[PDB]
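Q:
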Ligand SMILES: COc1ccc(COc2ccc(Cn3cnc4cc(C(=O)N5CC6(COC6)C5)cnc43)cc2OC)cn1
């Protein structure tokens with residue numbers, strides 16, 4: 026509404042890089058990595074917290090530095106919310122850019138479902154918490170563009186947080202990211218208007234959230250099982266093909282996924298409508 030995506034960075038986030046003790050790496054991409062670390066004296070409470078630090082790798086420059094900066098500026102304007110991976114601080118002077126975020130000890134939702142015991146209440150909680158996080162991003166005018174279980178983290182209490190590995194995801198070597206022109210795109214998660222027109226809105230995040238609901242209630246099957254991404258798959262999604270209901274999905278949840286897969290983006294529900302319906306279902 027009142028703010029576009031052009032604001033500079035808020036120095037209030039700055040944290041002294043010498044109070045960071047790096048630990049194990051948590052994941053890496055072509056130009057970025059995410060490392061565990063301990064922050065020594067972070068915030069008002071002077072905590073010594075385990076954190077995750079996003080940073081560029083040995084080999085990058087130019088737009089890569091900018092893209093991390095842009096990631097940092099984007100997160101500094103969201104603010105804090107329980108159901109996202111929140112920014113805690115950053116080091117932008119005296120060295121390479123470091124983006125300090127919450128550490129989610131249980132890892133990503135997808136491997137959690139695959140490692141699994143769960144319950145029907147546990148899947149509805151995951152679905153609702155992700156929906157709250159997406160509603161918060163929506164209300165900030167922020168288009169996620171990679172909504173999927175591999176980008177949802179579980180932290181203490183097995184509370185779900187939506188985030189994005191961004192530069193720290195090895196996209197070049199992940200078959201879920203399809204070669205399409207000069208881009209690697211998570212086609213199986215993507216709204217048709219976004220695959221074809223490269224149109225990305227809140228409503229296209231809603232489609233991807235429906236795919237994410239299917240992942241949750243299948244306990245982490247790959248979407249469109251057995252169906253390879255090619256021209257025929259594109260014709261299927263455009264013609265209105267929808268995956269069948271997951272075995273553990275109550276009919277009410279499946280109806281949410283179908284509403285999310287409306288071919289007309291205005292006919293999908295908003296994230297707040299999904300929160301309220303998930304809310305009543307409890
Ligand atoms: C909508 O816009 C937004 C919103 C938010 C964001 C920021 O998102 C992120 C920021 C930082 C990280 C890094 N990050 C933190 N905790 C993590 C735990 C693991 C793990 O695998 N774990 C825990 C373990 C126990 O052994 C170690 C196994 C991996 N990486 C971890 C991940 C992010 O997103 C998923 C971006 N864009």
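Residue numbers (the working numbering): 26 to 307. The C-beta atom is built at its ideal place from N, Cα and C for all residues, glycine as well.
1. Are the Cβ atoms of residue 99 and residue 115 separated by less than 8 Å?
2. Please name the residue or residues paired with residue 127 in a DSSP beta bridge.
3. Is residue 310 helix, strand or coil by DSSP?
4. In chain order, what residues of the same chain have a beta carbon less than 6 Å from the beta carbon of residue 209, not counting five sequence neighbours either side?
5. To which residues of the same chain is residue 252 closer than 7 Å at the C-beta, ignoring the five residues directly before and after it?
6. Does the region 89-107 come within contact of the region 58-66, defined as at least 3 CB pairs closer than 8 Å?
7. Within 7 Å: the Cβ of residue 110 and any heavy atom of ligand 3?
8. So which of 78, 57, 265 and 95 has the shortest CA-CA distance to residue 84?
9. Along the chain, where does the beta strand (DSSP E) containing residue 113 start, and where does it finish?
10. Between the beta-carbon of residue 39 and the beta-carbon of residue 76, is there less than 8 Å?
11. Would you call the region 226-236 and the region 283-303 in contact, with 3 or more CB pairs under 8 Å?
12. Please state if the CB of residue 108 and the CB of residue 185 are separated by a distance shorter than 8 Å.
13. Take residue 219 and list the residues in its own chain whose beta-carbon comes closer than 6 Å to its own, dropping the five residues that flank it on each side.
14. Less than 8 Å between the CB atoms is what I'm expecting for residue 1 and residue 170, so what's the real figure, rounded?
15. Enumerate, from N- to C-terminal direction, the unbroken beta strand (DSSP E) stretches of 3 or more residues contained entirely within the region 201-269.
16. Can you check whether the CB of residue 235 is closer than 8 Å to the CB of residue 285?
17. Can you look up residue 68 in the DSSP assignment and give me helix, strand or coil?
18. Compare the beta carbon distance of residue 231 and residue 178 with 8 Å and say whether it is the shorter of the two.
19. How many Å lie between residue 96 and residue 222 at the Cα?
20. Determine whether the beta carbon atoms of residue 17 and residue 268 lie at a separation below 8 Å.
21. What is the DSSP secondary structure of residue 199, reduced to helix, strand or coil?
22. I'd like the span of the alpha helix (DSSP H) that includes residue 283, first residue to last.
23. Leaving aside the five residues before and after residue 277 along the sequence, list all residues of the same chain whose C-beta is less than 7 Å from its C-beta, in chain order.
24. Should residue 78 go down as buried or exposed, given a rule of 16 or more other Cβ atoms within 10 Å for buried?
25. One question on the structure: do residue 214 and residue 248 come within less than 8 Å of each other, judged by their Cβ atoms?
26. Which same chain residues, not among the five before or five after residue 119, have their C-beta less than 8 Å away from its C-beta?
27. Assuming residue 304 is part of the alpha helix (DSSP H), what are its boundary residues?
28. What is the rounded straight-line gap between the Cα of residue 52 and the Cα of residue 188?
29. Could you say which of 191, 37 and 82 lies nearest to residue 69 if we only look at CA atoms?
A: Straight from the coordinates:
1. no
2. 76
3. The structure shown has nothing for residue 310, since the chain only spans 26 to 307.
4. 196 and 202
5. 258
6. no
7. With respect to small molecules bound, the structure shown includes ligand 1 and not ligand 3.
8. 57
9. Bounds of the beta strand (DSSP E) holding residue 113 are 112-116.
10. no
11. With the rule of 3 Cβ pairs closer than 8 Å, the region 226-236 counts as touching the region 283-303.
12. Contact: yes.
13. 225 and 229
14. In the structure as shown, the chain starts at 26 and stops at 307, and residue 1 therefore has no counterpart that could be examined.
15. 203-205 and 208-210
16. yes
17. The answer is coil: DSSP assigns residue 68 none of H, G, I, E or B.
18. no
19. Using only the alpha carbons, I get a separation of about 24 Å.
20. Nothing can be reported for residue 17, as the shown portion of the chain is limited to 26 through 307.
21. coil
22. 276-285
23. 306
24. buried
25. yes
26. 42
27. First-last of the alpha helix (DSSP H) with residue 304: 296-305.
28. Residue 188 has its alpha-carbon roughly 14 Å from the corresponding atom of residue 52.
29. 37
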